[PDB]
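Here's a solo chain for you in structure tokens, the form deposited in one PDB entry.
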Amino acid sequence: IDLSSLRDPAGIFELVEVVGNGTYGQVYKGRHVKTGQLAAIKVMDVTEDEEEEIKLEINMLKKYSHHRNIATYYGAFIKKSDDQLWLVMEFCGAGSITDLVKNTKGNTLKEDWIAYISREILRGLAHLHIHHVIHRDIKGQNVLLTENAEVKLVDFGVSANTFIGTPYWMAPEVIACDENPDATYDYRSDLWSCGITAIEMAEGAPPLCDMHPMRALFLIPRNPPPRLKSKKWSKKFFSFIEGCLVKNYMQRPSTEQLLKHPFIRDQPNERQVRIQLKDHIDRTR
């Protein structure tokens, strides 16, 4: 891509309102002027400090979004002013996974809902990993739902920055310490994040949620793998969490291996779950 040849978004796209009020920063519910179809628009300022980082988010989202579990790239635009870069993509109108769990009774999702959502996350990750892309910011806030209960991944912003985000979904290997100065990691760091996301769906919050983020950052590399608090869950669900949450990434399974895990592989009530999720989205709307 080249920032020079990009057109002005006037009469093509318009901003409606910010989405998630700061969760994603300068991200808006947008509208394709001519059709009225919604789009999510990421608005970044084209500063010299953040100009190469800005181009890279365009290029990545552009080539790696042609998969049903990743929100699709539409186009890039520059609104000349300090110039404003607009990154336009597919709008997912039913909120994030975090929203879904906080707007549910008892801040807990049914196990078969967790199995459905976790598989869609892993299918999106398998697409990224096969194209040598690590998502790097897997969390319930970056996993969105559409009106018809489809699950899509967002944010190539930190994909492989001046502000470090939330640390709760971060794998031990991405947190630098004395025996890990270079914070050496691979695609498996997203699988740990997927495991924390499944705990988040089961409990309504990631482990260490009650800690100061800086304290969680210190604790993640030294604490044993997090575990589900309740004993109610199936053996397969406990086994899936254990798979995602292997402390040492060197023996953590691959995305392909986790997709074959009985909890992810065996979903007999798939059809009903999709209907239940749709019903939940409609009853919240």
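When you see a residue number, it is the position in the sequence shown, counting from 1. Just so we're on the same page, rigid core means the largest C-alpha set that superposes within 1.5 Å between forms.
Unshown form deposited in another entry; subsequent notes refer to it.
With the two forms fitted on their core, the C-alpha shifts between this form and the one not shown stay under 2 Å for all of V246, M60, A216, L228 except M60. Comparing the forms between this form and the one not shown on their rigid core, the Cα displacement of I275 stays under 2 Å. Core-superposed comparison between this form and the one not shown: CA of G204 displaced by less than 2 Å. Once the rigid core is used as the reference frame, the Cα position of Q37 differs between this form and the one not shown by 2 Å or more.
Annotation: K34/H66 CA-CA distance shorter in the other entry than in the displayed model, change of at least 3 Å.
In the other entry, the CA atoms of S254 and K62 come closer by at least 3 angstroms compared with the shown structure.
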